[PDB]
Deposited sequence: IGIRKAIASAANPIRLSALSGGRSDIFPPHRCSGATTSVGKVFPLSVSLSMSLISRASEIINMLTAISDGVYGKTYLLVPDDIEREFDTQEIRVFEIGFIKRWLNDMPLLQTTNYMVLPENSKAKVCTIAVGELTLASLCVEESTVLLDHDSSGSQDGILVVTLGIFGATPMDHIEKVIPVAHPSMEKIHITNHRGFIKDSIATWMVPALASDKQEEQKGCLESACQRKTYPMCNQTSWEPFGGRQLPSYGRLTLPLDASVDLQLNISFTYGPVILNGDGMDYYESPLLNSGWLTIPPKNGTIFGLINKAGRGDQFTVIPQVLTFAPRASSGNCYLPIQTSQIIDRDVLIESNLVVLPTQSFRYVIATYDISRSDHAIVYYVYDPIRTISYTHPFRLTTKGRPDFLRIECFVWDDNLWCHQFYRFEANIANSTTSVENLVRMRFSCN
């Protein structure tokens, strides 16, 4: 049934910037049409919380929390998967083909998201901090592209971690599925090389002050415990039951533990481990992350995480605006290296969702704002971008509370950006 439900949608499985400088003109468009469960719920004024979306090979997959309408049988975990079909005017139309709801006893307050090979993968936990280490387990959730299939799984798995990791911090994490293997990246904590790396970092703050070497509480885990990079591997082989291998490695200093996405890379058995910016002081990060046997995290852009002149550590480059929320880091599925970040900007007469597309090799950055008829200030912003007909498309979902209203509004739509002279 797997290969039959795979032969059916291959029919449905069918450069952005300017090559030179000068004046840059950016034209944007919002495409509102969508056959998605999430957008239908948003139209009926239902409240969607923390929608994480992953797009890969023409298949899309969302996970989010639904706030019900006087119903408790207090939030509901929902998974959604479908296609990106070509609508009239060659517009990308997201059509849901399968979805699934969890009851509250599977406790899925925090869930990851990944799509690929007509499958949706998600790791769910009630508390964000998982101990490694009464054994703390993770809820593995897999959903097929269509109907009820052996592809579907709802199991509680005990992770197989390296000795010795202590914790991981699961918040908002996009992974991806390739070679029938789902991979995520999360902030981790381990005993190995902990004092050595704080020692190398402290020997780095003897030559240059950073807003971290006096910090008594580092980001993901309270106290002065340095976070590492954790790699969550989940095979989708049916030969044996599901097991979650967790690896760890030190890389650039992690200053944001509230998000760590992972995008596929043109290099085989490698990927882009990205960390979003926060508070206006923590820069975003892009790292080369290995997904094979050896797990190595090495920076791609060398100016937001340069290596220290002495030792095996990196420099925690930080900063001592009218952007309220900003997230996340999306590496575009292009052969040329480009990444995107969207901000909720209030510097103009109207509020705007302003996209920044960085080409860091040539040190150029394009920008385009999407002006909002509504006004208010957001608590969440999430982008997932893809290329469609030589154009940059982004699925954006943001959640904001209005200045004049009492309730919190959720917004979700597709946007396109073109860049010319």
Missing segments of the deposited chain sequence, listed N- to C-terminal
1-4, 19-26, 86-89, 150-154, 342-345, 447
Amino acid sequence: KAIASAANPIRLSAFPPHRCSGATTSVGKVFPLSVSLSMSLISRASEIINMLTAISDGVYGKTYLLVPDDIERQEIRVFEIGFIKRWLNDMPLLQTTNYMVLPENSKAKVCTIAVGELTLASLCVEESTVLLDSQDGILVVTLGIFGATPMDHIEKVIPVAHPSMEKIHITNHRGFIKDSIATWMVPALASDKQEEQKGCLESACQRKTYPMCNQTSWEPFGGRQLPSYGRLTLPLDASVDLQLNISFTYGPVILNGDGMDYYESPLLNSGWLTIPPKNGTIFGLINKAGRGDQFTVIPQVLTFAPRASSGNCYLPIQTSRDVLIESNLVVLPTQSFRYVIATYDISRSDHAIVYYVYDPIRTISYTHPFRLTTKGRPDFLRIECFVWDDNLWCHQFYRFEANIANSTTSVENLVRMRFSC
From here on, numbers count along this sequence of modelled residues.
Could you check the entry and say whether 354-362 or 22-30 has the higher mean CA B-factor?
22-30
When the C-alpha temperature factors are averaged for each of 170-178 and 134-142, which stretch ends up with the higher value in the entry?
134-142
Of the options 100, 121, 267, 232, which has the highest CA B factor as deposited?
267
Which of 249, 112, 274, 74 ranks first by CA B-factor in the deposited coordinates
74
Place residue 413 in the lowest, middle or highest third of its chain's C-alpha B-factors, as listed in the PDB entry.
lowest
Splitting the chain's C-alpha B-factors into thirds, which one does residue 328 fall into?
lowest
If you rank the chain by CA B-factor, which third does residue 161 end up in: lowest, middle or highest?
middle
Grab the CA temperature factor for residue 279 from the record and place it in the lowest, middle or highest third of its chain.
middle
State the tercile, meaning the lowest, middle or highest third, of residue 79 with respect to the CA B-factors recorded for its chain.
lowest
